[PDB]
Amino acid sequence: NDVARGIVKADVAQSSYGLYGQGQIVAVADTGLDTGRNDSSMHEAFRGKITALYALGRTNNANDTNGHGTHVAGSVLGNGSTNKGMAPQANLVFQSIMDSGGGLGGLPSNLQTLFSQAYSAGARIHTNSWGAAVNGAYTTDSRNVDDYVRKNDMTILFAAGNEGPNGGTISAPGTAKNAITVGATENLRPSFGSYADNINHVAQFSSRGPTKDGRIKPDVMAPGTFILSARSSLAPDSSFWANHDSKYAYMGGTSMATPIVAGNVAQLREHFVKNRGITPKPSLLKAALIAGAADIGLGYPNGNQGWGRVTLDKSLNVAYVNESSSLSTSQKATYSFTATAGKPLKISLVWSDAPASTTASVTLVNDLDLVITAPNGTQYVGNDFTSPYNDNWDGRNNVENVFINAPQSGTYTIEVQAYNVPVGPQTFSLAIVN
């Protein structure tokens, strides 16, 4: 966590912007949380900061004999004396879904039940280091994630899965359109060897897109190898990659990358609410993370890194549109942005789409297109990264991007065009970095 904090710029968010996640509540659905008791027995990283601790998988037992859940929650918001999570003043809703057999039987059949329970408790961010390895398929769980986000103010994150490095290995519900799906790059702890020596390396195991219908997943990356975070007092050494001390130990997986991003979302949401005067919609938090992300060196579009590695300080300050307009087929919204040529210009359009059928061959329901015009007339179409940049149109993704490394100083025109919106009108968010 301490090195991940610096890689994703949560250190700048904390030290220069004051963002530790205070006032935000993150829900984690995972194995269990240390002793399973919201009292003074609880691990120092969560003692006193638990909004609610629910036992779903084992009636009346939310403890963590595995370790996964405690480490995950630790990375979101742990506030112990060392190895703090990214949002260490956020409060925690924890849903313990591990069943007596070690499986995830506490999950309800309809995942909307899980998310609504968390929402009722006050959580507005819900993070899930779990999934089924269904090679990019959009399942009932994916559908319910999508329906839930379109109807409720909840940012939902899912791990991409650990079936890399082959293409097309994204887990469900990480295949949901409206979640933020997170893959793992390496942490920088090179004494532990090749899994933690290059922050621009995709971890070998991280699942890779595209999804079954060709969409780019994961959406973003974060460090997910040799992450030092909270150690359940009931977990054995075999659950960890390496020991550290009685309260903290190492783990790696997309399960570790996801909660780093979830804590960054708490920091970002705090910033919008306290410092920018608005409650940012899930689509805007997602767009802002995407526009701020760093190309780890593979270029775009790319299923190995998605849109790149979270870089939180760039996301804090984006120019935005927060679902303030909705579009039906053939309509367009227009914005103008004055750019400066010193720095890259990155524009990200994200929408919380209508849920797809589990039987559809193409999951995108409502298709918006991003079209940008430079001061000197050059046009760019969302996700067209091959010159000429206005000839390849996107009909699959509900994230569209125009990234220009050396922009012209001057006013750029930004159009969001409703190509085909059968379940309309469709709103959207934009985030702009320059």
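Numbers for residues come from their place in the sequence shown, where the first is 1.
Averaged over CA atoms, B-factors in the entry run higher in 354-362 than in the other of 170-178 and 354-362. When the mean C-alpha temperature factors of 397-405 and 43-51 are read from the deposited coordinates, 43-51 comes out higher. When the C-alpha B-factors of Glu186, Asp237, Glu270, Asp295 are ranked from the entry, the top spot goes to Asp237. Going by the entry's values, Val423 shows the largest Cα B-factor out of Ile25, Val423, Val416, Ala13.
In this PDB entry, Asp146 carries a Cα temperature factor that places it within the lowest third of its chain's modelled residues. In the PDB entry, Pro88 places in the middle third of its chain by CA B-factor. Ranked by C-alpha B-factor against the other modelled residues of its chain, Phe337 falls in the highest third. Sort the chain's modelled residues by C-alpha temperature factor and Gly306 lands in the lowest third, per the entry. Ranked against the other modelled residues of its chain, the C-alpha B-factor of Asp197 as given in the entry falls in the lowest third.
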